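Visitor: here is the input, now give the coordinates:
(one chain, ligands or ions: 2)
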Amino acid sequence: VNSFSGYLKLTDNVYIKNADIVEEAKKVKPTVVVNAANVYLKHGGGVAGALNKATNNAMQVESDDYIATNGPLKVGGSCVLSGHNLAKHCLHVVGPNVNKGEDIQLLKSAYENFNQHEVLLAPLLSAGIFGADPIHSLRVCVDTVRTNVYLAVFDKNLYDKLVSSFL
Ligand SMILES: CC[C@](C)(CO)Nc1ncnc2[nH]ccc12
Ligand SMILES: [Cl-]
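Guide: Residues are numbered from 1 along each chain as shown. Ligands and ions are numbered 1, 2, ... in the order given. The protein structure is shown below:
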């Protein structure tokens with residue numbers, strides 16, 4: 001039993017809700033919140049910009065030190081950093097950004113990072129300003145993640161389409 005509330009159950013382990021991931025994380029304070037990251041951990045917009053703003057830029061400061069030490073992430077890769085005031089940990093995961101011409105096949109690799117954590121709050125990878133089909137991102141999530149994932153969808157219209165088209 002966990003403290004996530006109001007989710008629709010899609011499969012044994014995948015759940016989905018119309019919610020603002022920022023407001024969800026503050027309420028639940030999950031062990032792991034997923035960020036929709038880029039390889040440079042520059043959290044300028046989309047989910048990343050919103051999560052970083054909620055940390056008063058502390059996420060960005062920590063991220064800049066991480067990049068200075070380690071260099072950029074790989075597309076499809078991840079790193080674990082602090083969750084600041086939002087969660088214990090933030091799993092920064094880089095899905096392909098279609099608006100950069102990145103291979104959509106790397107979306108499965110991106111979701112594989114979730115399997116290293118028993119329970120996660122997350123957005124749909126490569127959705128939003130990363131320019132992938134969110135229905136596809138859900139299909140890949142369900143077919144790749146085996147741990148317990150609570151998916152937050154900001155747009156209510158998109159949330160309803162995700163549910164009604166789900167196979
Ligand atoms: C619309 C769905 C998605 C593309 C990925 O799930 N964007 C978000 N999901 C959840 N919370 C969010 N806050 C800001 C953006 C955002
Ligand atoms: Cl977005």
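Visitor: and for the one residue in the chain that gets nearest to ligand 2, the neighbour number?
Guide: Using CB to the ion, the closest approach of the chain to ligand 2 is made by residue 128 at 2.0 Å. For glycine as for every other residue, the C-beta is placed from the backbone atoms N, C-alpha and C. Residues lying near residue 128 (other CB atoms under 10 Å) number 20.
Visitor: leaving out the residues flanking it, which one is nearest to it?
Guide: Take residue 128 and drop its neighbours on the chain: the residue closest to it by CB to CB, 6 or more residues apart in numbering is residue 46, 4.9 Å away.
Visitor: am I right that the one you found is in contact with residue 126?
Guide: No. Applying CB atoms under 8 Å, one finds residue 46 not in contact with residue 126, separated by 10.6 Å.
Visitor: okay, and the common contacts of the two?
Guide: By CB atoms under 8 Å, 6 or more residues apart in numbering, residue 46 and residue 126 have these common neighbours: residue 36.
Visitor: these two: which is more packed in?
Guide: Each of residue 46 and residue 126 has its neighbours counted (other CB under 10 Å); residue 126 has more, 27 against 19.
Visitor: from residue 107, how far off is the more buried one?
Guide: 5 Å (CB to CB, to the nearest Å).
Visitor: who touches both of those two?
Guide: Joint contacts of residue 126 and residue 107 (CB under 8 Å, 6+ apart) are 95, 96, 132, 137.
Visitor: same list (these) but as a markdown table, adding neighbour count and distance to residue 17.
Guide: What follows is these, written out as a markdown table (neighbours: other CB atoms under 10 Å; distance: CB to CB, whole Å):
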| residue | neighbour count | distance to residue 17 |
| --- | --- | --- |
| 95 | 28 | 20 |
| 96 | 22 | 24 |
| 132 | 21 | 20 |
| 137 | 24 | 15 |
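Visitor: most widely separated two among those residues?
Guide: Greatest spatial distance among the shared contacts of residue 126 and residue 107 (CB to CB): 96 and 137, at 10.3 Å.
Visitor: between those two, which contacts overlap?
Guide: 107, 126.
Visitor: how about the strands of the chain, start to end?
Guide: Ranges of strands within the chain are 8-9, 14-18, 32-36, 78-82, 89-93, 119-122, 148-153, based on DSSP state E.
Visitor: fine by me, we can end here.
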